Each structure stands twice: as C-alpha cells, then as structure tokens.
Amino acid sequence: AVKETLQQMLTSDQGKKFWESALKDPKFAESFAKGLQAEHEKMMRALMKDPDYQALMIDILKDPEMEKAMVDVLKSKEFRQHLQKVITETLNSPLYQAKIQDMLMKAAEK
Amino acid sequence: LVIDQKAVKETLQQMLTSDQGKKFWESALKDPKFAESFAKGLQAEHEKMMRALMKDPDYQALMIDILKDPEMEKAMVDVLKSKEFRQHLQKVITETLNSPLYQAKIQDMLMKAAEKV
Amino acid sequence: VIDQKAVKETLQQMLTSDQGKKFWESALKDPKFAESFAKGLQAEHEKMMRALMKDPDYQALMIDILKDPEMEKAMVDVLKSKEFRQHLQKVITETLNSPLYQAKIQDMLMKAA
C-alpha cells in the first residue's frame, strides 16, 4: 500500500519536483549535504588529478580576479628583486651592450 | 500510527537508499535545470567545502601543480608581456638605468663612442 | 501521511544518518554515477569558484598559495625564459631610444665638451 504512494512521489518527475522543493528549506539541504560531505570532499581532491577537471580549473584560474592577484604578487616589493636580476643580466650581455654601444655611437655622431 | 511509521521508514530505507535511489539521481543530474536546483540548495555547504579545501595544505599542493601547468605558464607569460604590466617593468628598468652605477657605465660607454666618433 | 512535513522530516533524519552516508559511499564508487554527479554539477561548481575569487577572505588564500616557495620558484623560472628575456630586451631598447633618454645622452655629450 505505502509502496504505491511513495512510488509516485520520489521516483519520476514527481520525486524530481519533490526534491526541488524539499531542498529550498536550508535545514533539509544542510542534512542532505551532511550525508554527502565526506564523499564530496574526496571527489573534489581526486578531480584535481584528472585532466578534464584540470582544464576546467585552468579556465577558472584565468579569471580577471586571479590575474589581478598574480599581477599584485609580481609587482610586490618582495618580487622586485627577481625582476631586477633579469634586467641586470639583460643589460650585462655583451651582445646587448654592443647594441647599446651602436645607439650611443649614433647619438654621438649627430 | 506505529504500524505505518514502520512501513514508511522501511519503504524509504529501500527506495532512496538502495539500487532504486541510485538510478534516480544518475538521470536527474543530467537535466541541467534540476542540477541547478540541487546545486542551489547545496550551495551554502559547497562553498564551505571549497573554502575549507583552500586552507588544506594537501589541496593547496594540488592547486599549485595546476598553477604550474604549461597553460598557466603561458598565461603568466602573457601577463608579464601585457601593456598593463609594461608600466611597472618600465619603472624598474628606469630606476636601474638611473642608478649611479649604470649612469657611470653609460657615461663611460658614451665617452668611448664620442672618443671614436 | 502529509507528503511534505511528515515524510520530509523523516527523510531528513535519514539523509544525515550512517545509512545515508553509506548510500553516497556506495553510489560514488560506481564510475558512471560519479561521472554523472561531477558533470551534472559542473556548471554551478565553476560559478562557485569564480564567485569565491571576488571575496577578500578567499583572495587571501589564493594569494597565500601564489606566495608559496614552490610558486615563487615557478614564477621566477618564467622570468628566466628566452621569451621573457626577449620582451625585456625590447622594453629596455624602447626606453633607451626614448626622447627622455636620448635627451640625457645629448646632455652628457655637450657636458663633456
């Protein structure tokens, strides 16, 4: 008897419309989430190693907010030493210094 | 209601907690509107999970691996070469060339170019 | 049996029980069930991750991650790439060929005369 009623209540588009309503109540949803939590966490860790999920995360990480956070680290005082180092190396190349010399000869020429 | 409290709990311990329950969820979640509703109800707890994972050093280490992907290296390279970042790069380059060391080297290089020219 | 209040309250008790947890443990071991769960929830998961990046509390965590020694090293290694070194030569050349700098160079020349 009871198997009949709950059959047309939690099984097809009925159940599909039933869960939609029950989960609008955040206490029901909290209890639903609680039973799933451990397994949801395990899956979210596991997906970090899957290439299709990595492609989603890579997309997310190119968001303007992450680009801004990256640019702030790059522009930080702590990171300035690293930028100076490659600038110093670039200027200290004898090949590059030859090009600077060419330009200084052209300025002295005029 | 004792006899019918038993029927309901036993029914739903079979319905939504065995083979039957599993099949329902597997189809419904392919419907992108029911998945929206479902994620919506669960959004609060999902946010808690993702925030907590970002504080977890094991999870952080996995995120670092993805940030080190060649695709993210390419993204960073583009940022470094952007017209935006160019102005900061110019400031660092300008402060270097303007330093007394480089001012001296350039003045020295320049007197050579003039001593030959 | 009021389809709502009553049963909802029963199923609510069952959803945080150990048998509820055992349902999710067993369901999510079936790869097809896991795939449908993951791909089904994907759109909203993305929205959650992008939205969270707009929160200063969460920005602090991503900043902590980017300042990790391993990330610092990766970022420095990118600075050292041929490609970045070539960009950097170009920016230096443009700054040296600048009217500002060309003018100091001519100020150095006359000053030596």
Side-chain angles (χ1 to χ4, degrees), chain A residues 15-16 18-19 22-23 25-26 28-33 35 37-53 56, chain B residues 8 10-12 17-18 21-22 24-26 28-29 31-32 35-36 38-39 41-50 52-53 59 62, chain C residues 7-8 10 12 15-46 48-49:
Chain A
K16 207 169 168 205
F18 170 82
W19 283 98
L23 283 175
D25 171 348
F28 190 84
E30 187 167 42
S31 295
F32 188 89
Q37 185 181 144
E39 288 290 327
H40 207 337
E41 166 176 359
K42 284 155 65 186
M43 199 195 55
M44 293 324 295
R45 293 169 187 281
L47 287 176
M48 298 294 280
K49 295 195 169 281
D50 175 279
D52 297 327
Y53 185 86
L56 186 59
Chain B
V8 185
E10 284 183 339
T11 290
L12 68 79
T17 269
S18 268
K22 166 170 166 184
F24 169 86
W25 290 104
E26 187 176 328
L29 290 153
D31 179 341
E36 201 179 44
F38 175 95
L42 300 197
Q43 186 187 300
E45 289 290 314
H46 186 57
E47 194 187 321
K48 283 182 197 177
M49 185 174 49
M50 297 319 301
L53 279 170
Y59 186 82
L62 301 174
Chain C
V7 164
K8 203 216 78 156
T10 302
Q12 184 171 354
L15 287 172
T16 304
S17 69
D18 269 350
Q19 69 214 343
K21 282 154 185 198
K22 285 189 173 91
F23 172 78
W24 293 108
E25 184 177 48
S26 164
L28 285 170
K29 269 202 295 275
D30 182 343
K32 288 255 80 168
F33 190 96
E35 171 184 58
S36 185
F37 184 90
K39 278 177 183 163
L41 269 22
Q42 189 191 304
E44 291 298 323
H45 173 62
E46 175 175 12
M48 174 58 72
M49 302 305 283

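Below, read A as the first sequence line, B as the second, and so on, with proteins coming before strands; counting in each chain starts at 1. FYI, side chains are in, hydrogens and waters are out, and symmetry mates aren't considered; it's all heavy atoms of this structure.
- Screening A/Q37, A/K42, A/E41 for a side chain to side chain contact (heavy atoms under 4.5 Å, CB included) involving A/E39 leaves a single residue, A/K42.
- With respect to the salt-bridge test (charged N to carboxylate O, under 4.0 angstrom), the residues C/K29 and C/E25 do not qualify.
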Verdict with supporting geometry, B/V8 and B/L12, side-chain contact (heavy atoms from CB on, under 4.5 Å): CA-CA 6 Å; B/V8 185; B/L12 68 79; 4.1 Å; yes

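- Expressed to the nearest 0.5 Å, how far CG of C/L41 lies from NE2 of A/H40 amounts to 5.5 Å.
- Contact detail for C/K8 and A/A22: the closest heavy-atom pair is CG-CB, 4.1 Å.
- Aromatic ring orientation, A/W19 versus A/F28: tilted (interplanar angle from 30° to 60°).
- To the nearest 0.5 angstrom, B/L53 atom CG is 7.5 Å from A/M44 atom CE.
- Taken to the nearest 0.5 Å, the CZ atom of B/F38 stands 5.0 Å off from the CZ atom of C/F37.
- Here the CD atom belonging to A/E30 is positioned 12.5 Å from the CG atom belonging to C/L15, to the nearest 0.5 angstrom.
- Between A/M43 and C/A34 the shortest heavy-atom distance is SD-O, 4.4 Å.
- A/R45 and B/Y59 make their closest contact through NH1-N, 4.0 Å (heavy atoms, listed as atom of the first residue, atom of the second, distance).
- Here the shortest heavy-atom pairing between B/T17 and C/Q19 reads OG1-O, 4.2 Å.
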